Every structure is written in C-alpha cells, then in structure tokens.
Amino acid sequence: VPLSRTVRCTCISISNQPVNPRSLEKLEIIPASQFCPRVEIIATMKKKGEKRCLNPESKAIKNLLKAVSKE
Amino acid sequence: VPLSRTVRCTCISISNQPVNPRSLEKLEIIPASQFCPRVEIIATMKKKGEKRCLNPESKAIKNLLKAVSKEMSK
C-alpha cells in the first residue's frame, strides 16, 4: 500500500516550453488534493503520443488555459 | 501515429450550472477539432468521480475557469 499523501501525483518534472495551442488535443488540470499536495497540469499533444506536465505557476500557462477554453 | 478515435463530440449533454472549484477532482479542456466543432470541458467531481460536461459558453463555467486559473498561482 502506497503512502496516501502523494499516491495520486503523476508529474515528476515540468516543461517551461511554450505550448502551441493548435498542437493540443486536450489540457487536464488537476487541483491539489489530500492525495497530491500540488496542482498538476498535463497537456496532451496531437502528435506521437506526446504529453507534458506544465508549470501551473507560470503565466504563459494561464494564457494557455484562456485560449484553450475560448476557441 | 494516430490511434482510432471517436469522430464526434463526446458530451451527451452539457451543464450551465455554477460549480464550486473545491468539489472538482479534475478538469479537462478539449479544444474544437474536425471531430467536434466546439470546445468540451469534462469535469471529474470528487463525489463518485462523476464525469460531468460543463458548458464553456455559460457564465457559470467561464467563472469556474477563472477561479481555477487564479487559485492555481501562489
């Protein structure tokens, strides 16, 4: 049985690389919980099974949320 | 390489009602594509992990997205 506090976390590292909105299949936002002490953001790209953990702290990411949510 | 996939929007119905960010377990934003002409937002609620589609066009959801974007930065 895993330590419950972080059982759910799925990101181990982050990418500060600009994500091209037109390259996103979808964006997942996972608010912190009693199973993962931090907010995790995962972008699923359209090409070659790529996915990536994004910096929820960053603002460029916040502009991504707005874009992805509007178009 | 692309996998076989759904070629239509995935939401049966979409909710216009306000949502308390606290009750959200997860949120996924799916941008419009040639498979579904509009953005879809699938919420996974903490209760029974019920999957509920949110209407990104509704004021309530636009508000939820804003509360989320804020309560996401120190």
# chains A, B, ... in the order shown; residues from 1 in each chain; ligands from 1
call {"tool": "residues_around", "arguments": {"residues": "residue 41 of chain B", "least_positions_apart": "3", "cutoff": "12 Å", "atoms": "only C-alpha atoms", "output": "PyMOL selection string"}}
result
(chain A and resi 26-29+65+68-70) or (chain B and resi 9-11+13-16+26-32+38+44+51-58+61-62+64-65)
call {"tool": "write_last_selection", "arguments": {"atoms": "N, CA and C atoms", "output": "mmCIF file, in the first residue's frame"}}
result
data_model
loop_
_atom_site.group_PDB
_atom_site.id
_atom_site.type_symbol
_atom_site.label_atom_id
_atom_site.label_comp_id
_atom_site.auth_asym_id
_atom_site.auth_seq_id
_atom_site.Cartn_x
_atom_site.Cartn_y
_atom_site.Cartn_z
ATOM 1 N N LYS A 26 -5.842 18.103 -25.841
ATOM 2 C CA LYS A 26 -6.517 18.461 -24.610
ATOM 3 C C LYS A 26 -5.584 18.842 -23.474
ATOM 4 N N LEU A 27 -6.154 19.561 -22.522
ATOM 5 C CA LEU A 27 -5.444 20.009 -21.359
ATOM 6 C C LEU A 27 -6.210 19.522 -20.147
ATOM 7 N N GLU A 28 -5.468 18.911 -19.225
ATOM 8 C CA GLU A 28 -6.008 18.391 -17.965
ATOM 9 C C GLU A 28 -5.475 19.238 -16.825
ATOM 10 N N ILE A 29 -6.365 19.621 -15.929
ATOM 11 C CA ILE A 29 -5.951 20.415 -14.801
ATOM 12 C C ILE A 29 -6.399 19.622 -13.610
ATOM 13 N N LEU A 65 -4.651 28.363 -20.762
ATOM 14 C CA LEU A 65 -5.966 27.962 -20.261
ATOM 15 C C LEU A 65 -7.051 28.815 -20.887
ATOM 16 N N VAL A 68 -7.262 27.910 -24.834
ATOM 17 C CA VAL A 68 -7.843 26.577 -24.984
ATOM 18 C C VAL A 68 -9.317 26.530 -24.588
ATOM 19 N N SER A 69 -9.699 27.373 -23.636
ATOM 20 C CA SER A 69 -11.072 27.424 -23.153
ATOM 21 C C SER A 69 -12.013 28.235 -24.050
ATOM 22 N N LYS A 70 -11.452 29.197 -24.789
ATOM 23 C CA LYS A 70 -12.222 30.088 -25.667
ATOM 24 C C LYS A 70 -12.474 29.576 -27.094
ATOM 25 N N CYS B 9 -18.448 14.754 -31.040
ATOM 26 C CA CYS B 9 -18.339 15.339 -29.697
ATOM 27 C C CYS B 9 -18.656 14.220 -28.725
ATOM 28 N N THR B 10 -18.048 14.269 -27.557
ATOM 29 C CA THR B 10 -18.241 13.204 -26.592
ATOM 30 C C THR B 10 -19.308 13.472 -25.538
ATOM 31 N N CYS B 11 -19.763 14.718 -25.449
ATOM 32 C CA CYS B 11 -20.769 15.065 -24.453
ATOM 33 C C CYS B 11 -22.198 14.836 -24.910
ATOM 34 N N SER B 13 -24.761 15.694 -22.985
ATOM 35 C CA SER B 13 -25.433 16.904 -22.535
ATOM 36 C C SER B 13 -24.374 17.715 -21.827
ATOM 37 N N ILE B 14 -24.602 19.015 -21.687
ATOM 38 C CA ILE B 14 -23.640 19.867 -21.018
ATOM 39 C C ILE B 14 -24.366 20.740 -19.997
ATOM 40 N N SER B 15 -23.717 20.959 -18.862
ATOM 41 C CA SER B 15 -24.277 21.745 -17.780
ATOM 42 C C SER B 15 -23.910 23.220 -17.823
ATOM 43 N N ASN B 16 -24.891 24.063 -17.506
ATOM 44 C CA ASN B 16 -24.725 25.520 -17.472
ATOM 45 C C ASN B 16 -24.586 26.000 -16.019
ATOM 46 N N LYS B 26 -10.967 16.930 -11.054
ATOM 47 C CA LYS B 26 -10.219 17.209 -12.280
ATOM 48 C C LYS B 26 -11.033 17.929 -13.341
ATOM 49 N N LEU B 27 -10.323 18.585 -14.252
ATOM 50 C CA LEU B 27 -10.942 19.316 -15.341
ATOM 51 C C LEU B 27 -10.175 19.118 -16.638
ATOM 52 N N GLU B 28 -10.852 18.712 -17.700
ATOM 53 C CA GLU B 28 -10.142 18.636 -18.962
ATOM 54 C C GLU B 28 -10.833 19.406 -20.072
ATOM 55 N N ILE B 29 -10.044 20.284 -20.670
ATOM 56 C CA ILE B 29 -10.458 21.165 -21.725
ATOM 57 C C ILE B 29 -10.079 20.563 -23.063
ATOM 58 N N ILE B 30 -11.078 20.295 -23.898
ATOM 59 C CA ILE B 30 -10.832 19.752 -25.228
ATOM 60 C C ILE B 30 -11.207 20.789 -26.300
ATOM 61 N N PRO B 31 -10.202 21.388 -26.951
ATOM 62 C CA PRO B 31 -10.459 22.390 -27.994
ATOM 63 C C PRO B 31 -11.214 21.827 -29.182
ATOM 64 N N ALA B 32 -11.964 22.697 -29.861
ATOM 65 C CA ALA B 32 -12.723 22.260 -31.021
ATOM 66 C C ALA B 32 -11.730 21.631 -32.004
ATOM 67 N N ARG B 38 -16.850 22.180 -31.333
ATOM 68 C CA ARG B 38 -16.821 23.108 -30.203
ATOM 69 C C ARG B 38 -15.969 22.577 -29.069
ATOM 70 N N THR B 44 -14.404 16.059 -13.549
ATOM 71 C CA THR B 44 -14.459 14.819 -12.786
ATOM 72 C C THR B 44 -14.660 15.335 -11.378
ATOM 73 N N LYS B 51 -18.353 12.090 -13.914
ATOM 74 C CA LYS B 51 -17.881 12.863 -15.051
ATOM 75 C C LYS B 51 -19.049 13.737 -15.537
ATOM 76 N N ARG B 52 -18.876 15.055 -15.478
ATOM 77 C CA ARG B 52 -19.922 15.984 -15.899
ATOM 78 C C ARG B 52 -19.379 17.032 -16.879
ATOM 79 N N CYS B 53 -19.984 17.125 -18.057
ATOM 80 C CA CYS B 53 -19.566 18.104 -19.060
ATOM 81 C C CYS B 53 -20.075 19.502 -18.694
ATOM 82 N N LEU B 54 -19.188 20.490 -18.795
ATOM 83 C CA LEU B 54 -19.513 21.873 -18.474
ATOM 84 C C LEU B 54 -19.552 22.727 -19.732
ATOM 85 N N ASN B 55 -20.542 23.610 -19.802
ATOM 86 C CA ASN B 55 -20.702 24.467 -20.964
ATOM 87 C C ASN B 55 -19.784 25.674 -20.891
ATOM 88 N N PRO B 56 -18.674 25.655 -21.652
ATOM 89 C CA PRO B 56 -17.703 26.761 -21.666
ATOM 90 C C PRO B 56 -18.304 28.080 -22.157
ATOM 91 N N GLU B 57 -19.519 27.995 -22.675
ATOM 92 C CA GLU B 57 -20.225 29.154 -23.183
ATOM 93 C C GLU B 57 -21.049 29.798 -22.073
ATOM 94 N N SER B 58 -21.287 29.055 -21.005
ATOM 95 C CA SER B 58 -22.096 29.579 -19.915
ATOM 96 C C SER B 58 -21.273 30.438 -18.962
ATOM 97 N N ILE B 61 -19.552 28.601 -15.966
ATOM 98 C CA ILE B 61 -18.347 27.845 -16.281
ATOM 99 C C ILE B 61 -17.189 28.772 -16.574
ATOM 100 N N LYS B 62 -17.483 29.890 -17.232
ATOM 101 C CA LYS B 62 -16.451 30.873 -17.524
ATOM 102 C C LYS B 62 -15.922 31.359 -16.195
ATOM 103 N N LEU B 64 -15.978 29.569 -13.313
ATOM 104 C CA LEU B 64 -15.234 28.481 -12.697
ATOM 105 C C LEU B 64 -13.806 28.434 -13.255
ATOM 106 N N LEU B 65 -13.676 28.592 -14.561
ATOM 107 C CA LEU B 65 -12.363 28.555 -15.181
ATOM 108 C C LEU B 65 -11.504 29.687 -14.637
#
call {"tool": "residues_around", "arguments": {"residues": "residue 39 of chain A", "least_positions_apart": "4", "cutoff": "10 Å", "atoms": "only C-alpha atoms", "output": "list in words"}}
result
residues 9, 11, 29, 30, 31, 32, 33, 54, 55, 56 and 57 of chain A; 71, 72 and 73 of chain B
call {"tool": "closest_residue", "arguments": {"among": "B:37, B:1, B:22, B:8", "to": "chain A", "atoms": "only C-alpha atoms"}}
result
B:1
call {"tool": "select_by_dssp", "arguments": {"residues": "chain A", "states": "alpha helix (DSSP H)", "output": "list in words"}}
result
residues 60, 61, 62, 63, 64, 65, 66, 67, 68, 69 and 70 of chain A
call {"tool": "select_by_dssp", "arguments": {"residues": "chain B", "states": "strand (DSSP E or B)", "output": "PyMOL selection string"}}
result
chain B and resi 15+24-30+33+36+40-45+51-54
call {"tool": "closest_residue", "arguments": {"among": "B:7, B:24, B:60, B:45", "to": "chain A", "atoms": "only C-alpha atoms"}}
result
B:24
call {"tool": "atom_distance", "arguments": {"atom1": "atom CA of residue 47 of chain B", "atom2": "atom CA of residue 43 of chain A"}}
result
24.5 Å
call {"tool": "decode", "arguments": {"residues": "segment 28-40 of chain B", "atoms": "N, CA, C and O atoms", "output": "PDB file, in the first residue's frame"}}
result
ATOM      1  N   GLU B  28     -10.852  18.712 -17.700  1.00  0.00           N
ATOM      2  CA  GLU B  28     -10.142  18.636 -18.962  1.00  0.00           C
ATOM      3  C   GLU B  28     -10.833  19.406 -20.072  1.00  0.00           C
ATOM      4  O   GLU B  28     -12.024  19.235 -20.354  1.00  0.00           O
ATOM      5  N   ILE B  29     -10.044  20.284 -20.670  1.00  0.00           N
ATOM      6  CA  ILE B  29     -10.458  21.165 -21.725  1.00  0.00           C
ATOM      7  C   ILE B  29     -10.079  20.563 -23.063  1.00  0.00           C
ATOM      8  O   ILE B  29      -8.893  20.346 -23.336  1.00  0.00           O
ATOM      9  N   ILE B  30     -11.078  20.295 -23.898  1.00  0.00           N
ATOM     10  CA  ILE B  30     -10.832  19.752 -25.228  1.00  0.00           C
ATOM     11  C   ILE B  30     -11.207  20.789 -26.300  1.00  0.00           C
ATOM     12  O   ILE B  30     -12.392  21.058 -26.544  1.00  0.00           O
ATOM     13  N   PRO B  31     -10.202  21.388 -26.951  1.00  0.00           N
ATOM     14  CA  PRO B  31     -10.459  22.390 -27.994  1.00  0.00           C
ATOM     15  C   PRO B  31     -11.214  21.827 -29.182  1.00  0.00           C
ATOM     16  O   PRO B  31     -11.155  20.620 -29.466  1.00  0.00           O
ATOM     17  N   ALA B  32     -11.964  22.697 -29.861  1.00  0.00           N
ATOM     18  CA  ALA B  32     -12.723  22.260 -31.021  1.00  0.00           C
ATOM     19  C   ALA B  32     -11.730  21.631 -32.004  1.00  0.00           C
ATOM     20  O   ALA B  32     -10.547  21.973 -31.998  1.00  0.00           O
ATOM     21  N   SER B  33     -12.210  20.692 -32.809  1.00  0.00           N
ATOM     22  CA  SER B  33     -11.376  19.997 -33.790  1.00  0.00           C
ATOM     23  C   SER B  33     -12.286  19.564 -34.944  1.00  0.00           C
ATOM     24  O   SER B  33     -13.466  19.894 -34.952  1.00  0.00           O
ATOM     25  N   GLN B  34     -11.772  18.831 -35.925  1.00  0.00           N
ATOM     26  CA  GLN B  34     -12.665  18.411 -37.008  1.00  0.00           C
ATOM     27  C   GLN B  34     -13.551  17.266 -36.519  1.00  0.00           C
ATOM     28  O   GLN B  34     -14.473  16.844 -37.198  1.00  0.00           O
ATOM     29  N   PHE B  35     -13.276  16.776 -35.322  1.00  0.00           N
ATOM     30  CA  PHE B  35     -14.066  15.680 -34.769  1.00  0.00           C
ATOM     31  C   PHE B  35     -15.255  16.184 -33.941  1.00  0.00           C
ATOM     32  O   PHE B  35     -16.243  15.466 -33.751  1.00  0.00           O
ATOM     33  N   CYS B  36     -15.150  17.423 -33.469  1.00  0.00           N
ATOM     34  CA  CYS B  36     -16.188  18.055 -32.656  1.00  0.00           C
ATOM     35  C   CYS B  36     -15.950  19.539 -32.792  1.00  0.00           C
ATOM     36  O   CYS B  36     -14.962  20.063 -32.290  1.00  0.00           O
ATOM     37  N   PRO B  37     -16.874  20.241 -33.465  1.00  0.00           N
ATOM     38  CA  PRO B  37     -16.837  21.679 -33.731  1.00  0.00           C
ATOM     39  C   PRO B  37     -16.806  22.658 -32.569  1.00  0.00           C
ATOM     40  O   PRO B  37     -16.724  23.861 -32.794  1.00  0.00           O
ATOM     41  N   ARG B  38     -16.850  22.180 -31.333  1.00  0.00           N
ATOM     42  CA  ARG B  38     -16.821  23.108 -30.203  1.00  0.00           C
ATOM     43  C   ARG B  38     -15.969  22.577 -29.069  1.00  0.00           C
ATOM     44  O   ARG B  38     -15.703  21.380 -28.983  1.00  0.00           O
ATOM     45  N   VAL B  39     -15.524  23.467 -28.203  1.00  0.00           N
ATOM     46  CA  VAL B  39     -14.746  23.033 -27.067  1.00  0.00           C
ATOM     47  C   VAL B  39     -15.657  22.253 -26.113  1.00  0.00           C
ATOM     48  O   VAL B  39     -16.872  22.525 -25.996  1.00  0.00           O
ATOM     49  N   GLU B  40     -15.076  21.245 -25.471  1.00  0.00           N
ATOM     50  CA  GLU B  40     -15.813  20.475 -24.488  1.00  0.00           C
ATOM     51  C   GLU B  40     -14.935  20.518 -23.230  1.00  0.00           C
ATOM     52  O   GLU B  40     -13.699  20.606 -23.320  1.00  0.00           O
TER      53      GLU B  40
END
